[PDB]
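Listed next as structure tokens is one chain, alone, in the form deposited in one PDB entry.
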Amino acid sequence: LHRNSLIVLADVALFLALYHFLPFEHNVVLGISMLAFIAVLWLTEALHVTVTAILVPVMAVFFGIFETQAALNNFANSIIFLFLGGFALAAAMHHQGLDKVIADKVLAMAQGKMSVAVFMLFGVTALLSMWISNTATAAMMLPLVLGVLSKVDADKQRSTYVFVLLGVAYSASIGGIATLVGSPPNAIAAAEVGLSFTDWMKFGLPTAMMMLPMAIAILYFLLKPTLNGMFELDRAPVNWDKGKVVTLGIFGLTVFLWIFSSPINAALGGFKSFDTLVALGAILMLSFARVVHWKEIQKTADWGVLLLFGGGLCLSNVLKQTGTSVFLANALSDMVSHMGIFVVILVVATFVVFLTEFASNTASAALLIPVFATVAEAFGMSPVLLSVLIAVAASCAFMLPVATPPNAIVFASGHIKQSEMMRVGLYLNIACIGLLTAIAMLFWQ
């Protein structure tokens, strides 16, 4: 009766169809049928991301691909727990109020200029999206954006005030491309190809360093009239209280180990998922120091995303076990040989940066990383590059809303116009496809 209710039934039919008509070895048919089924569900999202993810293992088990416990073990992957540390790390400095004090101590640095205001709102958003989330950083930033945009409230000066709204929403997504925690897509890559925190930072951090300015400039060089305006510093001051230094200290300590995991771990015996152990040690320190209770983490934590990780890891394992990964690498063998690696990384980047416009960032990476990664292995190529690429290009949702939550968040402000974003993003999208392929090429040898 509902829209989504139909996709699910249409998708069940599409699966039943592909299943009974594809003319290949059953193992490959099964993998192809499953892949199409999930690919639709995750891209239309007729069912919640996590429900689809939970559907992966239950399918693999009934179709004899794996035994129940084998499939489920994907959900205990060490990266899933490193991402859980990121949440508890967030939950702490929010329940501590350390995220609000971070905004204030910065916005006061702008003595009163709207010029040095919106430009600080962008920087704060991207910085906070490195650790918290992207959807969460938007919701927590939007009021702070509408607050500053109330002295110069004249909305007939819209362009000063859609530049700020669209500015933060983009800063949230570009900030998430900075660290392994920040956006689910980044974790899906690390869990698929086994990346370290500092490994993904070698790639992501410089890219985010670059992409954030390139994105604001594009917004500036339309109708920016922000060189005018004044502030309305109405609010209670902040001050470092009980173990906000401790929390801030713990946090810094944790990020320190994450960055330096390589030598510290080697000089300790070479533990397995060292970054994961650090993330779990953070969860412990924060609780011994009493600075954050568990109910906080259970709320802050996105357990659906964690369940999702298991489904993508399970999906990747289904593609291999069924041989579908090699079956597809064959059908592309000629087509990809006609193409260089430049053409390859450029075609991929383009495909996702626009595919991610119609679906969630993570729901896109959840589907694309398993396929392209396992196929890249059939070609005997290291899936790091393609994976890292897809993870970054997935976070490049700038056109219409519905691409990322941060879009629909600043869009529900009833102030920015559909058409406006649809064309500012069409320019940014192209700028990224350029920047990405550039960086991707250099990140070759």
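Whichever C-alpha set is largest while still superposing within 1.5 Å between the two forms counts as the rigid core. Start at 1 and count along the sequence shown; that's the residue number.
The same protein also has a form deposited in another entry, omitted here; what follows describes it.
Here the rigid core is superposed between the shown form and the other one, and of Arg158, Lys320, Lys100, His95 the C-alpha of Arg158 is the only one to shift by 2 Å or more. Relative to the superposed core, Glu357 shifts its CA atom by 2 Å or more between the shown form and the other one.
Between the C-alpha atoms of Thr356 and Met34, a gap widened by no less than 3 Å is obtained in that other deposited form, as opposed to the form on display.
In that other deposited form, the Cα positions of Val28 and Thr356 lie at least 3 Å farther from each other than in the form displayed.
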